[PDB]
Amino acid sequence: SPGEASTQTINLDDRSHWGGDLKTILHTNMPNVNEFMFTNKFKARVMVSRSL
Amino acid sequence: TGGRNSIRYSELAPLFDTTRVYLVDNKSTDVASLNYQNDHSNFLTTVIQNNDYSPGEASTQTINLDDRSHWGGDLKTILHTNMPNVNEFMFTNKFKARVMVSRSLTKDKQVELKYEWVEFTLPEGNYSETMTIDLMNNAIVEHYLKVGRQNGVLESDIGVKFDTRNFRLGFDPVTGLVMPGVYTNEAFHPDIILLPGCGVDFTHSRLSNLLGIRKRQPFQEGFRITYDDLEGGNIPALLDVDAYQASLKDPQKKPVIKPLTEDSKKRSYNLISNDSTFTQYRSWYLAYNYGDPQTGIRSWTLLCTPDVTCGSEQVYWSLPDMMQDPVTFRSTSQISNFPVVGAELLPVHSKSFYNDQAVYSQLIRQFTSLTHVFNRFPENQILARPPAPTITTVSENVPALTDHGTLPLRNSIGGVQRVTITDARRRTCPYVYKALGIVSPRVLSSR
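Residues numbered from 1 in each chain as written, not as in the entry; some residues may be left out. Chains lettered and ligands numbered in written order. Part of a larger assembly, values for the part shown. Heavy atoms only, no water.

- For this deposition, the record names cryo-EM as the technique by which the model was determined and cites 9.30 Å as its resolution.

## Some words on the overall build of chain A
Part 1: Helix and strand counts for chain A come out as one helix and zero strands.
Part 2: Against the globule reference of 10 Å for 52 residues, chain A gives a C-alpha radius of gyration of 27 Å, more extended than a compact globule.
Part 3: Summarising its shape, the C-alpha atoms of chain A cover approximately 85 × 30 × 20 Å along the three principal directions.
Part 4: Accessible surface, chain A as shown: approximately 6500 Å² in total, 56% of it carbon and sulfur.
Part 5: Taken as two groups, the 6 positive and 5 negative side-chain charges of chain A have centres that lie 32 Å from each other. (Helix = DSSP H or I, 4+ residues; strand = E, 2+ residues; numbered from the N terminus. Rg over C-alpha atoms; globule rule 2.2 N^0.38 Å. Areas by Shrake-Rupley, 256 points an atom, 1.4 Å probe, with all protein chains shown as cover. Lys, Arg positive; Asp, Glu negative; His and termini not counted. Charge placed at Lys NZ, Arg CZ, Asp CG, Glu CD.)

## A short note on the sheet that holds strand β10 (residues 193–194) of chain B
The strands making up a sheet associate through backbone hydrogen bonding, with each pair oriented either parallel or antiparallel.
Residues and elements named next belong to chain B.
Part 1: Strand order in the open sheet formed by three strands is β10-β17-β14, with antiparallel pairing between adjacent strands. A single partner strand is all that each edge strand has here, and the edge strands are β10 and β14 (234–236).
Part 2: The pairing of β14 with strand β17 (residues 278–283) spans two bridges and is antiparallel. In the strand pairing of β17, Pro236 is matched with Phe278. (Pairing = 2+ DSSP bridges.)

## A look at the pattern of salt bridges
A side chain with one charge may pair with a side chain of the opposite charge, provided their charged atoms come close.
Residue and element names in this part refer to chain B.
Part 1: The final tally for this structure, using the stated rule, is twelve salt bridges over all chains.
Part 2: A salt bridge links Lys94 to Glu119, with the nearest nitrogen and oxygen atoms 3.9 Å apart. With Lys94 in strand β6 (residues 94–104) and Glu119 in strand β7 (residues 112–121), this pair connects stretches of sequence that are 25 residues apart.
Part 3: For the salt bridge of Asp157 with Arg103, the shortest nitrogen-to-oxygen distance reads 2.5 Å. Of this pair, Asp157 sits in the loop between α3 (129–148) and β8 (171–172) while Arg103 sits in strand β6, placing them 54 residues apart in sequence.
Part 4: Among the residues examined, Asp157 registers a relative accessible area of 5% and is labelled buried.
Part 5: You can call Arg103 partly exposed: its relative accessible area is 38%.
Part 6: One continuous salt-bridge network, built from bridges that share partners, spans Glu155, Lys265, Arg267 and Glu379. (Salt bridge = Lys/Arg side-chain N within 4 Å of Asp/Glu carboxyl O. Buried < 20%, exposed > 50% of the residue type's maximum accessible area, 1.4 Å probe, protein only.)

## Observations concerning the environment of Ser350(B)
Residue and element names in this part refer to chain B.
Part 1: Along the chain, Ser350 turns up in strand β21 (residues 348–353).
Part 2: The spacing of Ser350 and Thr392 is 42 residues in sequence and 9.6 Å in space, taken between C-alpha atoms.
Part 3: If near-sequence neighbours (up to four positions away) are discounted, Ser350 is found in contact with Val308, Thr309 and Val394. (Contact = heavy atoms within 4.5 Å.)

## Considerations on the domain arrangement of chain B
All names here are of chain B.
Part 1: The domain architecture assigned to chain B consists of domain 1 (1–82 + 314–345 + 399–447) and domain 2 (83–313 + 346–398).
Part 2: Spacing between the C-alpha centres of domain 1 and domain 2 amounts to 51 Å.
Part 3: Contacts between the two partners involve 17 residues from domain 1, matched on the other side by 13 residues from domain 2.
Part 4: Carbon and sulfur atoms supply 64% of the area that domain 1 and domain 2 bury against each other, a total of about 1300 Å² over both sides.
Part 5: Together, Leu345, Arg427 and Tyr431 form the three largest contributors to the area buried by domain 1 at its contact with domain 2, with a combined 40%.
Part 6: Taken together, the links from domain 1 to domain 2 amount to zero salt bridges.
Part 7: In this assembly, domain 1 and domain 2 are joined by four residue pairs in polar contact. (Domains from an automatic or database assignment. Buried area = accessible area lost by both parts, 1.4 Å probe. Polar contact = N/O pair within 3.5 Å; in protein donor to acceptor, adjacent residues only side chain to side chain.)

## Observations concerning empty space enclosed by the protein
The gaps of empty space that remain are located by a probe, the size of a water molecule, rolled over the atoms.
Residues and elements named next belong to chain B.
Part 1: There is about 200 Å³ of room inside the largest cavity.
Part 2: What lines the largest cavity is a set of 16 residues, and nearest its centre among them are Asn137, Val141, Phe377, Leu383 and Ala384.
Part 3: For the lining of the largest cavity, the class distribution of residues is ten nonpolar, two polar and four charged.
Part 4: One number sums up the size of the second largest cavity: a volume of about 110 Å³. (1 Å grid on protein atoms, 1.4 Å probe; cavity = no way out; pocket = protein on both sides within 12 Å on 5 of 7 lines; lining within 4 Å. Points joined across faces, edges and corners; volume = space filled by probe spheres on them. Nonpolar A, V, L, I, M, F, W, Y, C, P; charged D, E, K, R; others polar.)

## Some details on the packing of aromatic side chains
Residue and element names in this part refer to chain B.
Part 1: Using the criterion set out here, one finds eight aromatic pairs over all chains in the structure.
Part 2: Ring geometry for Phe89 versus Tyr431: centroids 6.1 Å apart, planes at 70°, classification edge-to-face. Accessibility classification places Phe89 together with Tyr431 in one group, the buried group.
Part 3: Ring centres of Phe167 and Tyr183 lie 5.1 Å apart, and the angle between their planes is 75°; this geometry places the pair in the edge-to-face category. On the criterion of sequence distance, the pair formed by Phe167 in the loop between α3 and β8 and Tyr183 in the loop between β9 (177–178) and β10 is long-range, its members being 16 residues apart. (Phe/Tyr/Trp six-rings, centres within 6.5 Å; stacked < 30°, edge-to-face > 60°.)

Encoded structure:
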């Protein structure tokens, strides 16, 4: 079971300090502008009223 | 041994050399909390027999066989079932047969006989060697009703019957007839009586074994036995008793030649020719014993003892959480593939008893009275009711105090072990009332 597996363990030998090589494959699809990367907002000051 | 013994538990102190851990189901605290949704053939047990801890909590603690040694334990077990003779699981409640299902005068003036394969099922229950047969014949009839008859089918032509007598004892080498005018109703092994255009298949039923008709080379998926197969060995016809007796008053030939044709209530005995002394009805027994041994069924089939149990099948124990996985077994979590530590025959034997009721019944239907759903054709000598054999057998369940060897086990036995009994096909077995395991670890070697 996945649960059951969560119990078992891989045991690198105890008598030695071990190390591992970590290679990874990352793939995204984030868009140009969006709310998260803060590319969808921007404050500007404009004219909002004109009266005599 | 020396420092390698120590069997330890949380603070409870050092125990030295073999001891005993117990695998039990009936443990009260466990039931309620762990194996609620499970059954006796696949449950969880707390092996920690310490009164003070929750079952959950216990599931944490562990029995530690000393680390410095490879340990082993003796596994004795008590298995007790109660599985019935016939049932859906062991495939003893189903069996396909091909019967007549329609009879109508086709469009011109010729006729039509259409046949079909139908699966009949028995009411689950534990039966006799015989009453089982009967249940089958009945199940054939029960169908003839819902369909057969109400479509031009006359009992005078029901296609399959499971009887039990040697339909050719009275037979006379010259007259070509069963002289005594009655097929001597003594029991001699289950048989199968077919008719033209039909037969039976056991491809998916152990009932075959109940009958005692085994395939001469079993590992062949498929078991169909049809008319055309039962060659040579058609039930000879009964001689006309009356015609013969009534004669002898006046070249000058006698009433012999007359082979009866039908019986009271005029049931056709379907004779091949208005000539031939042989009826169209064909018997397996007859075939096997009397027709060409090198060509007949005697060739590809084998005649043998009944056995109600339908076949001694075995079961497999598995204690995944407490014992090292035997040689080639892969370790997993798929219940239907756990490692196996012990095999044993499923606790069922066949007791035999002497039948007095053998003849008692021949002296009650000779003195007319009601009928059973079993003898719906009393006056037929063929669709009659197979004679009860003396010595019936009955599937009987029995406790099996078995004992598997001594197995290698892990040195860190979990607070909660999982027990699992499986069958040949690998699935729990509903018919298990009690499983009990006793393990006695003891040092085997050193690390």
